[PDB]
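Below is one structure, written out as structure tokens; comments come after it.
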Amino acid sequence: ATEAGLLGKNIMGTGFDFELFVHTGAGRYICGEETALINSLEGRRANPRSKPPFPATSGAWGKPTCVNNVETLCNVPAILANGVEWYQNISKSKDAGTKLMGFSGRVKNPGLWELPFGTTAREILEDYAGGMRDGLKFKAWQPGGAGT
Amino acid sequence: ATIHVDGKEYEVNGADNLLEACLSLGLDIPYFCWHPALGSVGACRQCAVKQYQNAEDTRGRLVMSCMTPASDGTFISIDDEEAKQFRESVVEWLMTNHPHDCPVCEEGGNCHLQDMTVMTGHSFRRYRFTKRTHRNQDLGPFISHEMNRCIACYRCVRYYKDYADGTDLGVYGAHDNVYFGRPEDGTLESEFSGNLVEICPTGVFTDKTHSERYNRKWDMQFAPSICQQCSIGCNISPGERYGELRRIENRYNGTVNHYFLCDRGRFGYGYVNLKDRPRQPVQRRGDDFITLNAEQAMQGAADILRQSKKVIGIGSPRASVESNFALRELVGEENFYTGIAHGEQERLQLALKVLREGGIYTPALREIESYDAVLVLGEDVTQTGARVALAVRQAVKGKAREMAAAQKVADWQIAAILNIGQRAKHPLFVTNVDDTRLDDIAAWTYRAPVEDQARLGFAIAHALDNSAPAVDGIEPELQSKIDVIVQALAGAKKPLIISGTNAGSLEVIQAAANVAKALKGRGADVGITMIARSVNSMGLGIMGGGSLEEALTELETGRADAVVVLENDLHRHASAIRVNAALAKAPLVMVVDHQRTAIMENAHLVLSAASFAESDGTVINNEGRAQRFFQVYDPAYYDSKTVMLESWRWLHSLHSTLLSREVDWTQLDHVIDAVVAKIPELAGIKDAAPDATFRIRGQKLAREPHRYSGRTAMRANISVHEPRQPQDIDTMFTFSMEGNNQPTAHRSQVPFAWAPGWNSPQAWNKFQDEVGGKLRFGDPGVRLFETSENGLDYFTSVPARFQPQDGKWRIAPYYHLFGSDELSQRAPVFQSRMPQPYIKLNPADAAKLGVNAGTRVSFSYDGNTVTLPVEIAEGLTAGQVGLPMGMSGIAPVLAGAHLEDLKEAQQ
Amino acid sequence: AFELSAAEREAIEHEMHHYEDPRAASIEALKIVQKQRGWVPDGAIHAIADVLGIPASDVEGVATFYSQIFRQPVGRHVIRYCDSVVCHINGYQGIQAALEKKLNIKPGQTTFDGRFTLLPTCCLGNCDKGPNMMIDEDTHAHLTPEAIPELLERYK
Ligand SMILES: Cc1cc2nc3c(=O)[nH]c(=O)nc-3n(C[C@H](O)[C@H](O)[C@H](O)COP(=O)(O)O)c2cc1C
Ligand code: SF4
Ligand code: SF4
Ligand code: SF4
Ligand code: FES
Ligand code: FES
Ligand SMILES: [Mg+2]
Ligand SMILES: [Mg+2]
Ligand SMILES: [Mg+2]
Ligand SMILES: [Mg+2]
Ligand SMILES: [Mg+2]
Ligand SMILES: [Mg+2]
Ligand SMILES: [Mg+2]
Ligand SMILES: [Mg+2]
């Protein structure tokens, strides 16, 4: 994208630089926190910060900063390209858009799929993920990662 | 500004957190990680209080007191059952990993964790599993390290790194295995690392100097005294037990050294426990020594002095306002000679003149943390007076606080204030002969001789006012720096200028005076601080005498046939050859001193004076603040044959025996009245502390904790019939517990901080009106002078450029915190810490000779031929040599002098 | 004694201008130095601290906080299996047993000769695919206690 004009000083005519970097860090789960990621990016120990002030007003290096996940940021290109209403109407749930949902564990077909954000958890387990496999019986489940 | 705590309605400052406000109101909330000087971080989670709203929310939410803004419509409840249970469980979690060693902990009855564990009402262990353990480090010869007792409150790291800028202490590990110490064994480099012994709530960092001869806090006997190792009046509270100074603790003073000391003052006290200190007045009958009584000594001294053609006295700049005066009265005003060199005094009375007659406000030690720009012109502030260096370090962080207050960030949220700053500091321009310890924070350091530093200062003062004298020949590369300093000072709303006497130059002092006058003429409320050499240096300058050179001239001439040297060693203020040649040809040499100096070996009489620990008087610090120190213990107790009376007591009784023929041991208040009657400049020392007969509801103030132990057995080996407690007719304190020491007592001289439930240093919260504020009922000090209406003129004398002379080496003063003080260096603890003697050399001038990095070198300054190793100094200007000032063998008077011949060691 | 090579010092200096503060390159400097030598020796702390401009205490705090900045001598091919909830379910225990039965060590130790360190890791973010493990930079999923020997024989 840099060689092709999509990144760099004068991005496609309009004046907007946006140099983009990658920061592959060492392995600590707490650096995933919104305001501990900022500390880790600063080169310090990944300790969270108290809010207020929010990262939006004072964030990365005392400058403003908005920390966003990967899927949230992947959601935006389609919103802009197809329209706001189309994204508003994907399905009739109060959480507009699509979501990456999946079932993990000893199911017949583990993975993740993109679903209309109003799907029942049973519709993922047995229709998509296949269900418990060959002799196993369902006992419980966590919606989302470990920590729910 | 109107909060509701448990139904009650109080009025608070709405600009500070709820922990600060509730502690200022007198309520009791446990807290480990908050410190009224290091802001608030919500780490420990131990100051939880329930917070409601609507005044009718019956189900609040737990929130940390130290992190909530304490605004107007605030409804909290410290005593809520859920809040109580959480606070208790929070200490239980800390107790899960604690080591079963209170009995062997260095701080029992002084530990904050014990206080909070008994406060949260937790006295039952449900934990069953193993505890985590840690290996210790060797942090130096000062403070110990027991990481088993760490509760991870982060106070040490926050103080040491974010406050004092340490750079060699941090936190390591994570996940309940966290660790706080050095990256590797070694001594802690920071000058202000001693404060870790009281900043840390647990017994992780505890000083070794007290750990060797240990005694629990209750057993100690305190008294309000002043640190004597520096020109600042840092208020300490030394503790005594079994007749020897055990430790020196900090004594809050919201105007001088609120919470922190040096290491030179906290650990350099070991010179009072020396076993060679004079303990009885002895006489040298030819070759033999005979111990005298008190009355015998006074009668003999008076009989010999009354037959003298003239008696002169040599007071020191480390005595007290009375001791010097008392002496002045004994010898006549005329015969009193200040025991400092002529040049040591000229630039002391000039600094005093700049402070008094120069219409510029000289800030206190805590008001230094409120100035925008700082210009440390000619002083190694970190090594001479180091608390001023910490204050400057606090002043340079002011821009982060401004950036945070412009974004509506509270002044107690220190993490956000630091994050918003991001290494943005107020301008600070240090200036010295070589590198300093304030270079990491300085915007620019000038490394040059003490003449080029004065030229720089004069150039700044001319660029600011255009009427000050021009330097006439600075070269354009330095002009571009002088220009930055000017642009940064004239733009600052509150600039500070910190010169001093240690630089060894009059031109530096008058250049700083010129800079400060130009700024004041420009409009800014400029302050000016001058660092002197020794405590009570300012008092000697205010009182004044001839000099040491004039005293020696009278001595080696047959004009003066007697001399009384008071608390002076005379070898670090003049040449040790001339001093001995003068004292040799004197038919009487009295030495009133409390140490065993070299001049008392040819002394016809050695009165055993008392140290700061067991003496009463007042010493005036660098801003002219006359503070009074009090006697800690009675030297006679435990040793009946020990006449170690105070210096002013010896001299007053000698003057009485001189005229009267009868001894008169006066009282401290009579001496203070005599001073304020004869020397109008010191009329402010009468108000420095209430005299005797000052009582608090009939009771007099106490020197010992209420539960002081071992009262009928600590003197039983000497005699089983316990003696009467010593009588203190000098001051308002009693050498016993039958006295008063309460937080709400109406006095400002606190021997120690203890409040029921708060055994540790955190008991200082109960003694101040608002925590972190001034001591309730004021702070114990009286400035002698207030800023004048009209200032001095511009000093129209610019020194010529320093051009090195061939075959002569100008001596550049290098001051060390450990070993550069006459008395601290004598402590057997500083022998490990002080550096080895050396002579710094510029590489261009070390290679000019054959000497390389470690080769010994011999040089002659006077009769003496010293031989020191050689260290290469890249920052030192060419035609100079460095020498450790004050360190034994090198008198601080060797600052600006030039040694005439330097060559290899000639082995 | 330790002294920073030219390649790794140049890489650190090139990383130092991707950020507004030089400090921010601390994790990447430690990872560079570890890539070159397999772990971060005690002198690398002070070397990196001198290159960046921050004290050795901060660099040592960063290095001992994060779990993938090794501060102790580690062999080659630092095996890191995953033992988290999704894998615990799929049976990473059999995978750990067959690993520490073949390497003849316990989690946290080198083997004998400086190859095949054994460590547990938080999660490899590849949960739907069996019990996972990383050897050095290769992620191996769908692990079976039968295929641990043949998979270890590929790393010499
Ligand atoms: C302990 C902890 C770990 C977290 N880990 C992640 C993570 O690994 N990935 C992630 O995208 N968000 C993680 N978060 C959530 C972030 O704080 C943040 O809300 C998110 O990354 C970006 O916000 P967004 O969801 O609005 O896009 C974590 C939060 C906490 C408290
Ligand atoms: S630090 Fe305090 S609570 Fe811990 S063992 Fe020492 S005295 Fe007891
Ligand atoms: S060492 Fe002391 S001050 Fe530092 S975190 Fe531990 S308990 Fe707190
Ligand atoms: S700054 Fe001076 S007076 Fe204060 S503690 Fe240090 S040496 Fe003592
Ligand atoms: S003192 Fe408030 S969280 Fe620790
Ligand atoms: S739990 Fe092992 S791959 Fe996620
Ligand atoms: Mg934001
Ligand atoms: Mg406040
Ligand atoms: Mg040990
Ligand atoms: Mg040890
Ligand atoms: Mg360590
Ligand atoms: Mg302690
Ligand atoms: Mg008198
Ligand atoms: Mg007395």
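For the structure tokens, the naming scheme is as follows: chains receive sequential letters (A, B, ...) according to their order of presentation, residues are indexed from 1 within each chain, and ligands are indexed from 1 in presentation order.
The residues of chain A lying at most 8 Å from chain C, with only C-alpha atoms taken into account, are residues 21, 24, 25, 26, 27, 28, 29, 41, 42, 43, 44, 45, 61, 103, 104, 105, 106, 110, 111 and 146 of chain A.
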Just to be explicit: take each residue in the selection above, keep N, CA and C atoms, and write the result as a short mmCIF file (atom, residue, chain, number, x, y, z; two decimals), in the first residue's frame.
```
data_model
loop_
_atom_site.label_atom_id
_atom_site.label_comp_id
_atom_site.auth_asym_id
_atom_site.auth_seq_id
_atom_site.Cartn_x
_atom_site.Cartn_y
_atom_site.Cartn_z
N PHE A 21 2.80 1.66 11.30
CA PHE A 21 3.85 0.81 11.85
C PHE A 21 3.25 -0.44 12.48
N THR A 24 5.40 -5.83 17.14
CA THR A 24 5.29 -7.19 17.65
C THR A 24 5.94 -7.25 19.02
N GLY A 25 5.14 -7.39 20.07
CA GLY A 25 5.62 -7.33 21.42
C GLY A 25 5.82 -8.70 22.05
N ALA A 26 6.42 -8.68 23.24
CA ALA A 26 6.61 -9.89 24.02
C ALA A 26 5.29 -10.32 24.65
N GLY A 27 5.25 -11.57 25.10
CA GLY A 27 3.98 -12.18 25.44
C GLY A 27 3.47 -11.96 26.85
N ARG A 28 2.58 -10.99 27.02
CA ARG A 28 1.86 -10.79 28.27
C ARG A 28 0.41 -10.46 27.94
N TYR A 29 -0.51 -11.15 28.60
CA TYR A 29 -1.93 -11.00 28.29
C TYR A 29 -2.46 -9.64 28.73
N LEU A 41 3.22 0.07 24.61
CA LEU A 41 3.71 0.73 23.40
C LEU A 41 4.70 1.84 23.74
N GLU A 42 4.52 2.50 24.88
CA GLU A 42 5.48 3.50 25.32
C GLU A 42 6.82 2.91 25.71
N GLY A 43 6.94 1.58 25.78
CA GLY A 43 8.17 0.95 26.19
C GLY A 43 8.33 0.74 27.67
N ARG A 44 7.24 0.79 28.43
CA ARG A 44 7.27 0.63 29.87
C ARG A 44 6.65 -0.71 30.26
N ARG A 45 6.59 -0.96 31.56
CA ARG A 45 5.88 -2.13 32.05
C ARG A 45 4.39 -1.96 31.82
N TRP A 61 1.38 9.26 24.11
CA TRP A 61 2.52 9.98 24.65
C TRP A 61 2.08 11.32 25.20
N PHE A 103 -17.53 -21.67 17.72
CA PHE A 103 -17.61 -22.55 18.87
C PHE A 103 -16.26 -23.29 18.93
N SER A 104 -15.67 -23.33 20.13
CA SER A 104 -14.39 -23.96 20.44
C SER A 104 -14.64 -25.14 21.34
N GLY A 105 -13.64 -25.93 21.64
CA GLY A 105 -13.93 -27.11 22.42
C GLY A 105 -14.00 -28.36 21.57
N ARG A 106 -14.58 -29.40 22.16
CA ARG A 106 -14.66 -30.71 21.51
C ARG A 106 -15.94 -30.85 20.69
N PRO A 110 -14.88 -27.33 14.91
CA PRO A 110 -14.58 -26.03 15.52
C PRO A 110 -14.12 -25.02 14.49
N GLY A 111 -14.36 -23.75 14.79
CA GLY A 111 -13.97 -22.69 13.89
C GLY A 111 -14.64 -21.39 14.27
N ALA A 146 -12.27 -16.72 27.61
CA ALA A 146 -12.15 -17.05 29.02
C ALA A 146 -12.11 -15.77 29.83
#
```
Please identify every polymer residue within 8 Å of ligand 2, using only C-alpha atoms and all ligand atoms, and present the set as a ChimeraX atom specification. /B:98-114,117,149-150,201-204
Taking only region 572-677 of chain B into account, list the residues labelled alpha helix (DSSP H) by DSSP (computed from the backbone), as an MDAnalysis selection string. chainID B and resid 576:584 647:659 668:677
Store the residues picked out above in a file with N, CA and C atoms, as a compact mmCIF listing (two decimals), in the first residue's frame.
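To be explicit, this is the file written out as selection27.txt:
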```txt
# COMPACT_ATOMS: atom_id res chain seq x y z
N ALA B 576 47.83 24.42 57.95
CA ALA B 576 48.12 23.66 59.16
C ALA B 576 49.53 23.89 59.69
N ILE B 577 50.38 24.59 58.95
CA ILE B 577 51.73 24.91 59.41
C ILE B 577 51.68 26.22 60.17
N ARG B 578 51.02 27.22 59.59
CA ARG B 578 50.89 28.51 60.26
C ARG B 578 50.08 28.38 61.54
N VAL B 579 49.03 27.56 61.52
CA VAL B 579 48.20 27.38 62.71
C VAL B 579 49.02 26.79 63.85
N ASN B 580 49.84 25.78 63.55
CA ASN B 580 50.64 25.15 64.59
C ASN B 580 51.76 26.07 65.06
N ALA B 581 52.36 26.83 64.14
CA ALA B 581 53.39 27.78 64.53
C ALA B 581 52.83 28.89 65.40
N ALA B 582 51.56 29.24 65.21
CA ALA B 582 50.93 30.26 66.04
C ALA B 582 50.54 29.70 67.40
N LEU B 583 49.84 28.57 67.42
CA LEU B 583 49.42 27.98 68.68
C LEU B 583 50.59 27.47 69.51
N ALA B 584 51.75 27.25 68.90
CA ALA B 584 52.90 26.79 69.67
C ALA B 584 53.43 27.90 70.57
N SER B 647 28.71 24.72 75.28
CA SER B 647 29.79 25.66 75.01
C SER B 647 29.50 27.03 75.61
N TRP B 648 28.28 27.53 75.41
CA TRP B 648 27.93 28.82 75.98
C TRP B 648 27.92 28.78 77.50
N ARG B 649 27.64 27.61 78.06
CA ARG B 649 27.68 27.39 79.51
C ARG B 649 29.09 27.46 80.06
N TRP B 650 30.04 26.85 79.38
CA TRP B 650 31.46 26.94 79.71
C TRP B 650 31.95 28.38 79.62
N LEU B 651 31.61 29.06 78.52
CA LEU B 651 32.16 30.39 78.31
C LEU B 651 31.52 31.43 79.23
N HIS B 652 30.22 31.31 79.51
CA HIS B 652 29.59 32.21 80.46
C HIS B 652 30.16 32.03 81.86
N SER B 653 30.33 30.78 82.29
CA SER B 653 30.90 30.53 83.61
C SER B 653 32.34 31.01 83.69
N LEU B 654 33.09 30.89 82.59
CA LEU B 654 34.46 31.37 82.59
C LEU B 654 34.51 32.89 82.68
N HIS B 655 33.62 33.57 81.95
CA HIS B 655 33.56 35.02 82.06
C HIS B 655 33.16 35.45 83.46
N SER B 656 32.26 34.70 84.09
CA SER B 656 31.88 35.01 85.46
C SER B 656 33.02 34.82 86.43
N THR B 657 33.73 33.71 86.31
CA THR B 657 34.88 33.46 87.17
C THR B 657 36.01 34.45 86.92
N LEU B 658 36.00 35.04 85.74
CA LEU B 658 36.96 36.05 85.37
C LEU B 658 36.81 37.36 86.15
N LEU B 659 35.57 37.80 86.38
CA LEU B 659 35.29 39.06 87.05
C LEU B 659 34.90 38.86 88.51
N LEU B 668 19.78 28.93 79.43
CA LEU B 668 19.76 29.25 78.00
C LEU B 668 19.03 30.55 77.74
N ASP B 669 17.93 30.79 78.46
CA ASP B 669 17.13 31.98 78.21
C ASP B 669 17.88 33.26 78.56
N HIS B 670 18.72 33.22 79.60
CA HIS B 670 19.53 34.39 79.91
C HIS B 670 20.50 34.70 78.79
N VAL B 671 21.10 33.67 78.20
CA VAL B 671 22.02 33.88 77.09
C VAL B 671 21.27 34.42 75.87
N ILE B 672 20.07 33.91 75.60
CA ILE B 672 19.30 34.40 74.47
C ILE B 672 18.93 35.86 74.67
N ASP B 673 18.54 36.23 75.90
CA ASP B 673 18.24 37.63 76.18
C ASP B 673 19.47 38.50 76.00
N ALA B 674 20.63 38.02 76.43
CA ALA B 674 21.86 38.78 76.21
C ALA B 674 22.13 38.99 74.73
N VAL B 675 21.89 37.99 73.92
CA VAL B 675 22.13 38.16 72.50
C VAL B 675 21.18 39.18 71.97
N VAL B 676 19.89 38.95 72.13
CA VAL B 676 18.92 39.88 71.56
C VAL B 676 19.04 41.28 72.14
N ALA B 677 19.76 41.45 73.24
CA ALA B 677 19.98 42.78 73.79
C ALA B 677 21.22 43.45 73.22
```
Show me which bits of chain B are within 9 Å of chain A, counting only C-alpha atoms, as a compact mmCIF listing (two decimals) with C-alpha atoms, in the first residue's frame.
```txt
# COMPACT_ATOMS: atom_id res chain seq x y z
CA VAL B 41 -2.12 6.07 42.63
CA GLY B 42 -4.79 3.48 43.18
CA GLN B 407 -6.58 19.97 30.94
CA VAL B 409 -6.56 17.10 35.73
CA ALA B 415 0.16 9.32 37.00
CA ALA B 416 -1.88 11.50 34.64
CA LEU B 418 3.39 12.66 34.53
CA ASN B 419 1.86 11.09 31.48
CA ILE B 420 0.76 14.49 30.18
CA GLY B 421 4.22 15.96 30.75
CA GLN B 422 6.29 13.33 28.91
```
Which one is closest to chain B: C:74, C:1, C:45, C:124? Count only C-alpha atoms.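 Once distances to chain B are computed over only C-alpha atoms, the minimum belongs to C:45.
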